[PDB]
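Novice: part one of the complex, left exactly where it sits:
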Amino acid sequence: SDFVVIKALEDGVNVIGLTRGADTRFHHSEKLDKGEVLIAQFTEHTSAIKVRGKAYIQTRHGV
Amino acid sequence: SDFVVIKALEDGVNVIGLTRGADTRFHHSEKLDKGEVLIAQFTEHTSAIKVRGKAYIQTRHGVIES
C-alpha cells in the first residue's frame, strides 16, 4: 500500500492520522522531534494524513 | 488507491470531501494553516475533493500551485 515519508525539520512535528470511513476524526498523532523520520502507510484505519510543523515529505508524487 | 497532496500557501485553506454515491454533499472540511500538508486518498466515502484557498496541489497528473 501507498505510504508517506516524513522527516521533521523542527521539534514537535505532528503526523496526524484521520479515520477511514463515513466519519473523519483524528485517531492518532505521532510526534516527531527534529531529524526523526516516520514512514507511514495508508491502511484500513487511516485514509488521510495531515502533517503540522516544518517537515520534508516524500510521497509517490515527489517531495 | 489514488491520493492528492495539498500544501496550504496561506492560512484558512479548506480541503473538502464530497460523498461517494447517488447523492453529493460535503461530508468533511479540513482546515490547513500556511505550510500544513494534507495527503488524502479517494475512498469508499470520498469520490471528489474540493480545495479552497491558495494551495500547492499534487496528484498523479502533476502539480498546480496557486
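Specialist: Perfect, I can see it now. Numbering: from 1, shown residues only, chains lettered A, B, ... in the order given.

Novice: flag every residue of chain A that's near chain B.
Specialist: Neighbours of chain B within chain A, by C-beta under 8 Å from any C-beta of the partner chain: A:2, A:4, A:18, A:20-22, A:24, A:42, A:47-52, A:54-55, A:57, A:59-62. For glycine as for every other residue, the C-beta is placed from the backbone atoms N, C-alpha and C.

Novice: if we go to 10 Å?
Specialist: A:1-4, A:6, A:14-16, A:18, A:20-26, A:40, A:42, A:46-55, A:57, A:59-63 (C-beta under 10 Å from any C-beta of the partner chain).

Novice: so the residue of chain A most remote from its centre: helix, strand or coil?
Specialist: For chain A, the residue at maximal distance from the C-alpha centroid (C-alpha atoms, centre = their mean) is residue A:22, at 20.2 Å. Three-state call for residue A:22 (DSSP: H, G, I helix; E, B strand; the rest coil): coil.

Novice: check contacts around it.
Specialist: Listed by C-beta atoms under 10 Å, 6 or more residues apart in numbering or on different chains, the contact set of residue A:22 reads B:19, B:27-28, B:43-46.

Novice: identify the residue spatially nearest to the residue positioned nearest the centre of chain A, adjacent ones excluded.
Specialist: Centrality entry for chain A: nearest residue to the mean C-alpha point is residue A:15, 3.8 Å, by C-alpha atoms, centre = their mean. Spatially, and ignoring its direct neighbours in sequence, residue A:15 is nearest to residue A:30 (4.6 Å; C-beta to C-beta, 6 or more residues apart in numbering or on different chains).

Novice: and if you look at residue A:33?
Specialist: residue A:11 (4.7 Å).

Novice: count the residues that sit near the one you found.
Specialist: By other C-beta atoms under 10 Å in any protein chain shown, 13 other residues sit near residue A:11.

Novice: tell me which element it falls in.
Specialist: Assigned by DSSP states H and E, residue A:11 belongs to neither a helix nor a strand.

Novice: residue A:55 is in contact with that one, correct?
Specialist: No: Residue A:11 is not in contact with residue A:55 according to C-beta atoms under 10 Å; the separation is 11.6 Å.

Novice: what residues are shared contacts of those two?
Specialist: What both residue A:11 and residue A:55 touch, as defined by C-beta under 10 Å, 6+ apart, is the set A:32, A:34.

Novice: hang on, the earlier thing: correct me, but the residue nearest to residue A:15 touches residue A:38?
Specialist: Yes: using C-beta under 10 Å, residue A:30 makes contact with residue A:38 at a distance of 5.8 Å.

Novice: add one more, call it chain C:
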Amino acid sequence: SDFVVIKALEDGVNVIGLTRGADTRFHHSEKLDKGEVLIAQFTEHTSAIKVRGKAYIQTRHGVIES
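Specialist: Next up, chain C placed on what we already have:
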C-alpha cells in the same frame, strides 16, 4: 479510478456530473470560484463530467487550459 483535476480561472465555473447508465442527466453541479480546485473521480454514479467556465483541466491525457 480515473479522475480529473479542475482549477477555476474565473468565478462561477460549474463542474457537472452526468449519470452512469442507460439514462443521462445532470445529477450534481459543483460551483468553483476563481482559484478553487476540484479533483473528481469517475464513479458508479458518474460516467461523464462537463466543465463550464474558464478552467485549467488535467486528466491522464494531458492539459487543457483557457
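
Novice: picking that back up, how about the residue nearest to the centre of chain A, what does it touch?
Specialist: Residue A:15 is in contact with A:4, A:6, A:8, A:28-32, A:38, A:40, A:49-53, A:55, A:57, B:37, counting by C-beta under 10 Å, 6+ apart.

Novice: which ChimeraX command selects the buried ones in those?
Specialist: Of the contacts of residue A:15, the buried ones can be selected in ChimeraX as follows, counting by 16 or more other C-beta atoms under 10 Å in any protein chain shown:
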select /A:4,6,8,32,38,40,49,50,51,52,53,55,57 /B:37
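
Novice: tell me what the residue nearest to the centre of chain A is bridged to.
Specialist: Per DSSP bridges, the residues bridged to residue A:15 are residue A:30, residue A:51.

Novice: tell me the phi and psi of residue A:23?
Specialist: phi -100, psi 150 (degrees, to the nearest 10).

Novice: check contacts around it.
Specialist: B:27-28, B:45.

Novice: rerun at 7 Å
Specialist: Neighbour list for residue A:23: empty [criterion: C-beta atoms under 7 Å, 6 or more residues apart in numbering or on different chains].

Novice: how close does residue A:13 sit to chain B?
Specialist: 11 Å (C-beta to the nearest C-beta, to the nearest Å).

Novice: these two touch, right, that residue and residue A:50?
Specialist: No: taking contacts as C-beta atoms under 7 Å, residue A:13 lies outside contact range of residue A:50: 11.1 Å.

Novice: excluding its backbone neighbours, what's nearest the residue of chain A found nearest chain C?
Specialist: Closest approach between chain A and chain C, counting by C-beta to the nearest C-beta: residue A:61, at 12.4 Å. Spatial nearest neighbour of residue A:61, chain neighbours left out: residue B:58 (4.4 Å); criterion: C-beta to C-beta, 6+ apart.

Novice: is it correct that residue A:18 is in contact with residue A:26?
Specialist: Yes: Residue A:18 lies in contact with residue A:26 (C-beta under 7 Å); the separation is 5.7 Å.

Novice: chain D should join the structure above:
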Amino acid sequence: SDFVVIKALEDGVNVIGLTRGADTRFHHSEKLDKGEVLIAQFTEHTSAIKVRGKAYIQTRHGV
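Specialist: One more piece, chain D, placed on the ones above:
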C-alpha cells in the same frame, strides 16, 4: 475505463453516445458551447462516441 476529452471550439458541438449492443443508435447527445469541456467514458451503455462540430479532442492515442 477509457475516456475522451472534448473541448468545444464553437457553439453547438454535439457529443453523441452510441448504444453498446447488437443495435446502434444514439441514446444521448450532449451539447457543448464554445470553451466547454466534456470528459466522457466508454461504459456499459456507450461503445462509440461521435463528435459533430469543431472541437479539440484528446484520447489515449493523442489529440
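
Novice: the contacts of residue A:15 with chain D there, same question as before?
Specialist: A:6, A:29-30, A:32, A:38, A:40, A:49, A:51 are the contacts of residue A:15 under C-beta under 7 Å, 6+ apart.

Novice: tell me which of the residues you listed is nearest to chain D?
Specialist: For those, the nearest to chain D is residue A:49 (28.7 Å; C-beta to the nearest C-beta).

Novice: is it correct that that closest one is in contact with residue A:17?
Specialist: Yes: look at residue A:49 against residue A:17 with C-beta under 7 Å: they come within range, at 5.9 Å.

Novice: OK, contacts around residue A:32?
Specialist: Neighbours of residue A:32 in contact, by C-beta under 7 Å, 6+ apart: A:6, A:8, A:13, A:15, A:38.

Novice: hmm, 8 Å instead?
Specialist: Residue A:32 makes contact with A:6-8, A:12-15, A:38, A:53, A:55 under the criterion C-beta atoms under 8 Å, 6 or more residues apart in numbering or on different chains.

Novice: tell me which residue of chain A lies closest to chain D.
Specialist: Closest point on chain A to chain D, by C-beta to the nearest C-beta, is residue A:61, at 21.2 Å.

Novice: for residue A:42, what are its contacts?
Specialist: Residue A:42 neighbours (C-beta under 8 Å, 6+ apart): A:1-3, A:49, B:1, B:3, B:41.

Novice: the same query, at a cut-off of 10 Å, please.
Specialist: By C-beta under 10 Å, 6+ apart, the neighbours of residue A:42 are A:1-4, A:17, A:20, A:48-49, B:1, B:3, B:39-41, B:43.

Novice: one more: residue A:21?
Specialist: Counted by C-beta under 10 Å, 6+ apart, residue A:21 has contacts A:44-45, A:47, B:43-45.

Novice: same check on residue A:27?
Specialist: A:16-20, A:45-46.

Novice: could those residues be laid out in TSV, adding distance to chain D?
Specialist: Below are those laid out as TSV (distance: C-beta to the nearest C-beta, whole Å):
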residue	distance to chain D
A:16	33
A:17	32
A:18	29
A:19	30
A:20	25
A:45	30
A:46	29
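
Novice: so how far is stretch A:21-41 off the chain centroid?
Specialist: 4 Å (C-alpha atoms, centre = their mean, to the nearest Å).

Novice: first-to-last residue distance for it?
Specialist: 16 Å (C-alpha to C-alpha, to the nearest Å).

Novice: stretch A:20-35 now?
Specialist: 29 Å.

Novice: also stretch A:34-48?
Specialist: 23 Å.

Novice: ditto for stretch A:24-38
Specialist: Start-to-end, stretch A:24-38 (C-alpha to C-alpha) is 22 Å.

Novice: ok, now stretch A:17-30?
Specialist: End-to-end for stretch A:17-30, by C-alpha to C-alpha: 8 Å.

Novice: noted, bye for now.
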